[PDB]
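K.L.:
Once you've seen the sequence and the experimental structure below, I've got questions.
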Amino acid sequence: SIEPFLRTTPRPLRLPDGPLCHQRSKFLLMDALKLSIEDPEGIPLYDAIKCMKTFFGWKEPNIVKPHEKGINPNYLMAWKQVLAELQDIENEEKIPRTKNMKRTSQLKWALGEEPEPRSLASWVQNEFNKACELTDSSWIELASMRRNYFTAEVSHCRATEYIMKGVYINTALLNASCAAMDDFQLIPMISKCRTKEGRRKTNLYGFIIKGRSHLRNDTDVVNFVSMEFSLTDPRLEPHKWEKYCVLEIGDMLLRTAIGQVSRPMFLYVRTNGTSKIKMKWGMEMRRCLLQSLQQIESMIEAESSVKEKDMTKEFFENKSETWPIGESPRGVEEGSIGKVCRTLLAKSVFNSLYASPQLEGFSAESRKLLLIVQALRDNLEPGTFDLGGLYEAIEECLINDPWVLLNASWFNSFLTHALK
């Protein structure tokens, strides 16, 4: 044993100073806005048009927040172009399976035919929170006893919509990538769900315009413009929207508590990029449901040494059984197994949506340090001789990526409560 004053107690990770980090997902998450129709399957462009007709407040677009490093008139004109080409589709008595767009100057520019440190903004934890929540709709339809329980917990979870939204768009995009390598294809962003009252529903989030896609390599990059409905005023959090031009396209009527108010509908527009592999990873996002199912299953095994049984039944049904799912100003927050199912799904999904080299760094190394911290929590004596190295390997990955940043922050919170 060593004298306590020599014992090394892990310090918090240092997060860099800088401007607040910005959104860098492939599609809107909590800010997304669906235009939806109840189904009678349809071809996307027909469903898209139908979904857009359920909105009755469209108006002439205008820019409400410039993109700093872009030609903003080109983004407005790209939107008017989308609408003009949807009109043409209409005028055609036959709706086509696909639509190639005119390769105008606005489109060539937009489809083009960062190591500065950022601090952690709060939008990011808000995202995570919203992914853990339950929607009024189900996004999956049909060990096995436990599957259905788990499934019953996450079916309506916001992170599962994100899984589905992401398998559809990545498959549409990878599909267009192969079929129409040179054309600029107009891809509606669509998901399907079931309501409380049991109907099939088709949801339009907006539109991707695929750029050139000669993907001879996995790492080969295809650019795209994303155009996404939202009710989020971009003025609430300008830093979140650094990469975006935001237009105002519509007037949406919402019954608030005090009554019916009119609020702007916005279009979030940006250029973004993706690769064959990244598209393939997004098509594989259902693995997120499987991975978080495995984690919850080990958690039933680690409580199967309570008896000869496993008590999966009571494990899922014993609302008394609680797990630390979070934190408050007071202290660690405890939650039901449901909330654990969704939190672990949301983590898994968010590792997918925010995949990055920084995460691959942060995870391989933060893991080693979590072990040390756990050993210490347990008053074991783990060797700390390599902590210098370890902090270095971890903090190198703490630059500007919002997800990595939130994770570093989560670790420091945990560490504070674990050893203190």
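P.N.:
The structure has been received and is ready for your questions. Numbers count the residues shown, from 1 in each chain.

K.L.:
give me the number of residues near residue 192?
P.N.:
16 (other Cβ atoms under 10 Å). C-betas here are computed from N, CA, C, even on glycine.

K.L.:
Now it: closest residue in space, sequence neighbours ignored.
P.N.:
residue 202 (5.9 Å; Cβ to Cβ, 6 or more residues apart in numbering).

K.L.:
How many residues are close by that neighbour?
P.N.:
Applying other Cβ under 10 Å, I find that residue 202 has 22 neighbouring residues.

K.L.:
Offset the numbering so it begins at 35, please.
P.N.:
With the count now opening at 35, the last piece we talked about shows up as residue 236.

K.L.:
where along the stretch 35-184 of the chain do the helices fall?
P.N.:
For the stretch 35-184 of the chain, the helices defined by DSSP state H, counting those that start in this stretch cover 78-86, 106-125, 139-144, 157-166, 178-188.

K.L.:
Tell me which of the ones you listed lies nearest to residue 251.
P.N.:
If you check each of those against residue 251 by Cβ to Cβ, helix 139-144 wins as the nearest, at 22.8 Å.

K.L.:
ok, and the closest non-adjacent residue to residue 241?
P.N.:
residue 261 (4.8 Å).

K.L.:
Apologies, that question was intended for residue 403.
P.N.:
Per Cβ to Cβ, 6+ apart, closest to residue 403 is residue 424, 5.6 Å.

K.L.:
Which residue ranges make up each domain of this structure?
P.N.:
Using CATH domains of a matching chain, the domain ranges for the chain come out as 60-147+202-316, 148-201+317-453.

K.L.:
So which residues of this protein form strands?
P.N.:
69-72, 92-99, 134-135, 218-228, 234-244, 255-264, 279-289, 294-309, 357-361, 366-369 (DSSP state E).

K.L.:
Make CSV out of those and add distance to residue 450.
P.N.:
Formatted as CSV, these follow (distance: least, Cβ to Cβ, whole Å):
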stretch, distance to residue 450
strand 69-72, 43
strand 92-99, 37
strand 134-135, 52
strand 218-228, 39
strand 234-244, 38
strand 255-264, 35
strand 279-289, 37
strand 294-309, 36
strand 357-361, 9
strand 366-369, 10
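
K.L.:
So which of those strands is nearest residue 198?
P.N.:
strand 218-228 (5.0 Å).

K.L.:
and that closest one, what does it pack onto?
P.N.:
Contact here means 3 or more Cβ pairs under 8 Å, 6 or more residues apart in numbering; DSSP states H and E; on that basis strand 218-228 packs against helix 78-86, strand 134-135, helix 192-213, strand 234-244.

K.L.:
May I see those organised as CSV, with distance to residue 157 added?
P.N.:
What follows is these, written out as CSV (distance: least, Cβ to Cβ, whole Å):
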stretch, distance to residue 157
helix 78-86, 27
strand 134-135, 32
helix 192-213, 15
strand 234-244, 19
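
K.L.:
still on that earlier bit, for the helices of the stretch 35-184 of the chain, which one sits closest to residue 65?
P.N.:
Using Cβ to Cβ, those put helix 157-166 closest to residue 65, at 9.1 Å.

K.L.:
and that closest one, what other elements does it pack with?
P.N.:
helix 192-213, helix 371-387, helix 436-452.

K.L.:
cutoff 10 Å now
P.N.:
helix 192-213, strand 357-361, helix 371-387, helix 436-452 (3 or more Cβ pairs under 10 Å, 6 or more residues apart in numbering; DSSP states H and E).

K.L.:
wait, isn't the residue nearest to residue 403 in contact with residue 407?
P.N.:
No: if you go by Cβ atoms under 10 Å, residue 424 and residue 407 don't touch, sitting 11.1 Å apart.

K.L.:
mind listing what residue 154 touches?
P.N.:
By Cβ atoms under 10 Å, 6 or more residues apart in numbering, the residues touching residue 154 are 49-50, 52, 54-55, 432, 434, 436, 438-443.

K.L.:
now with 6 Å?
P.N.:
439, 443 (Cβ atoms under 6 Å, 6 or more residues apart in numbering).

K.L.:
For it, give its distance to residue 192.
P.N.:
21 Å (Cβ to Cβ, to the nearest Å).

K.L.:
cool, and residue 66?
P.N.:
10 Å.

K.L.:
Kindly report the same for residue 41.
P.N.:
If you go by Cβ to Cβ, the gap between residue 41 and residue 192 works out to 43 Å.

K.L.:
Show me which of these two is the more surrounded one.
P.N.:
residue 192 (24 against 11).

K.L.:
Pretty sure that one sits against residue 166.
P.N.:
No: Residue 192 lies out of contact with residue 166 (Cβ atoms under 6 Å); the separation is 7.3 Å.

K.L.:
Residue 334 versus the residue nearest to residue 180 when sequence neighbours are not counted, what's the distance?
P.N.:
Counting by Cβ to Cβ, 6+ apart, residue 346 is the residue found nearest to residue 180 once chain neighbours are left out, at 5.0 Å. Note on residue 346: its distance to residue 334, by Cβ to Cβ, is 5 Å.

K.L.:
Neighbour count: the two, which is higher?
P.N.:
Neighbour totals were compared for residue 346 and residue 334, and residue 346 leads with 18 against 15 (other Cβ under 10 Å).

K.L.:
can you tell me how far the more buried one sits from residue 355?
P.N.:
12 Å.

K.L.:
cool, residue 280 as well?
P.N.:
Counting by Cβ to Cβ, the gap from residue 280 to residue 355 is 45 Å.

K.L.:
ok, now which ones touch residue 318?
P.N.:
Per Cβ under 6 Å, 6+ apart, neighbours of residue 318: none.

K.L.:
Likewise for the one 10 residues further on?
P.N.:
By Cβ under 6 Å, 6+ apart, the contact set of residue 328 is empty.

K.L.:
Recalculate using a threshold of 10 Å.
P.N.:
Counted by Cβ under 10 Å, 6+ apart, residue 328 has contacts residue 378.

K.L.:
I figured residue 56 was touching residue 276, is that so?
P.N.:
Yes: the criterion here is Cβ under 10 Å, and residue 56 meets it with residue 276 at 3.7 Å.

K.L.:
what's the burial count for residue 158?
P.N.:
21.

K.L.:
cool, and residue 434?
P.N.:
20.

K.L.:
unless I'm mixing things up, it is touching residue 52, no?
P.N.:
Yes: taking contacts as Cβ under 10 Å, residue 434 lies within contact range of residue 52: 6.9 Å.

K.L.:
tell me, what's touching these two both at once?
P.N.:
Joint contacts of residue 434 and residue 52 (Cβ under 10 Å, 6+ apart) are 150-154.

K.L.:
beta partners of the residue nearest to residue 226?
P.N.:
When assigned by DSSP bridges, residue 236 has beta-bridge partners residue 71, residue 226.
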